[PDB]
Structure formats: C-alpha cells, structure tokens
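Numbering (PDB author numbering), first residue to last: 81 to 312. Ideal Cβ positions, reconstructed from N, Cα and C, are used throughout, including at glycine.
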Ligand SMILES: O=C(O)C1=CC(O)[C@H](O)[C@H](O[C@H]2[C@H](O)[C@H](O)[C@H](O[C@H]3[C@H](O)[C@H](O)[C@H](O[C@H]4[C@H](O)[C@H](O)[C@H](O)O[C@H]4C(=O)O)O[C@@H]3C(=O)O)O[C@H]2C(=O)O)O1
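As structure tokens, this is what we get:
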C-alpha cells in the first residue's frame, strides 16, 4: 500500500482536524507515525487526500465539517502562533476532486486567533468552486463586515493548481498559478495587529445538509516558511 501522508509529507508542524462525531484531532506525532483513515489518505497519484461528509461533526464555532490540517509551530501547544510582522508563507499544489451539493469548499486558510487561544475570524479563505477560486481576505479583525474578493477563474474541478498565501508586514499576497493579488489588511484595520495567525490546508466543506454528500480535496506539495529576513 501507499505510504500514509505523514510518512511521506513532513507533517511535524501540522495537526489534523477531523469530521467524525467527536471532531477528533490527530497530533503531529501521530501523523508522523502513519495515521490514515477514510478522512485522510494517500491516493494512487500520491496526493495527501482529505475526504469529509456534509453530515460530519463540526468545531465549536463553525457550522461546517472539515478534514483539515492546522499549522502547529509547537506541536504540543496550539497557543503558539505567528504575528503580522515578518514574512509568513504557505505554498501548495493541489486539486479539488469532488464537491458537496453546495458546490463550495475551502482548501486553504489563514485563521486568526487570540494570544490566549480564543477563537477569532479567519483572515484568508481560499474558496473553491468548479471554475473559480476566490481568495477572500477579511477586512475587519472583529469579524464583522465582509471580505475583499480575489477571483481566479478557469480552474475546473480536477485541475491541478499552484497556490501561495503570504503575509508580509500585515499585507496579504494571494497567488494562484503565478497570478498574485495583494490586500493591505493591517492598513485597513490596525486591530489585526492584536491577533495571531496560523495556516490551514485541506478540506473545509461549505455544506452541512443531511443530503449534501461529501467532498474531496488533494495536496501534492506543501510548505510553510517563516522568516525575519527575506532575500531578493
Ligand atoms: O468569514 C468567515 O468568518 C468564515 C467563513 C466561513 O464559511 C466559516 O464559517 C469560517 O469559519 C472560521 C471561524 O473562525 C470559525 O470559528 C472556525 O474556527 C475554527 C478554526 O479553524 C480551528 O479549527 C479552531 O480549532 C480550535 C478548536 O478549539 C478545536 O476544538 C481544536 O481543539 O483546535 C483548536 C485550535 O487548534 O485552535 O476551531 C475554530 C472553532 O470552530 O472554534 O472556522 C474558521 C475557519 O476555518 O475559517 O468563517
């Protein structure tokens, strides 16, 4: 059989959040020891693959189920996260294979979090629909209001995509297939300076209906880097 995703990808700085009844989380170490299930597996094309049904368990402050990685700077402490200053970059390649009845899933994020671990709004959501990825960047740190939309069209269900999400000094740069857009979020709302952040990647299903079906998203490559000095 294929190597489990964490015995292939280096997942030593991710934990996995699942859509089972209990919304089980799989630790970095357990991922590295080969955790795999119906929700999380290496497919025949080598992809780390995330499956979640619309009927799945959901986290405390979301109505939607996920099979999704959550960045862990410290694999044993989810309260260790990064800030608006410096350069913080996630790069991935992936594809969305199957959608729920709503036709929408979220395949990558930056989630906000308070210093003490308390939940906060997402800053960036990569929303996939058949034919369109919308890289949404939240305007208000307090979670009110709406998002700035960044549309990348022509990306079909089953198409391989290359993505980057980068924060440098409170500006978000969102890229699909070499097309980069930028949103100055700290410039818009200084309150973002008060929040911390972490990356997410996987399958956050924007459908919780009993008859909604399920979704599958895939990752072929994945990297996160944090730096205090970037070179030309
Ligand atoms: O624009 C929006 O606000 C956005 C659009 C959506 O369609 C969707 O509702 C989205 O959801 C956000 C929101 O912030 C929501 O509260 C939730 O946050 C999660 C978060 O991603 C993460 O999983 C967090 O994990 C916590 C939690 O205590 C878990 O039980 C576990 O122990 O891990 C913790 C940790 O690692 O910090 O849970 C949050 C939660 O639901 O409490 O999802 C957001 C998102 O995924 O974008 O809002």
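For the pair residue 288 and residue 98, the Cα-to-Cα distance works out to about 14 Å. Annotated three-state conformation of residue 159 is coil, per DSSP. Nearest neighbour of residue 271 by Cα position, chosen from 111, 200, 299 and 104, turns out to be 200.
In the DSSP assignment, residue 89 falls outside any beta strand (DSSP E) and carries neither an H nor an E. The residue from 249, 202, 155 and 139 with its alpha-carbon nearest to that of residue 224 is 202.
Taken from the Cβ of residue 167, every heavy atom of ligand 1 lies 7 Å or farther away. In the three-state reduction of the DSSP assignment, residue 108 falls in the helix class, which pools H, G and I.
Comparing alpha-carbon positions, the option among 222, 162, 133 and 215 lying closest to residue 307 turns out to be 162. One thing to note: residue 265 has its Cβ within 8 Å of the Cβ of residue 252. Annotation for residue 242: 173 and 257 place their beta carbon closer than 6 Å to its own, counting only its chain and skipping 5 residues before and after. If you draw a straight line from the Cα of residue 159 to the Cα of residue 197, it is about 5 Å long. For the pair residue 238 and residue 177, the CB atoms are nearer than the 8 Å cut-off. If you draw a straight line from the Cα of residue 275 to the Cα of residue 194, it is about 5 Å long.
Fewer than three beta-carbon pairs drawn from the segment 210-222 and the segment 146-153 are found closer than 8 Å, and the two stretches are therefore not classed as touching. With a cut-off of 7 Å, the C-beta of residue 193 is classified as near ligand 1, since at least one heavy atom of the ligand falls inside that distance.
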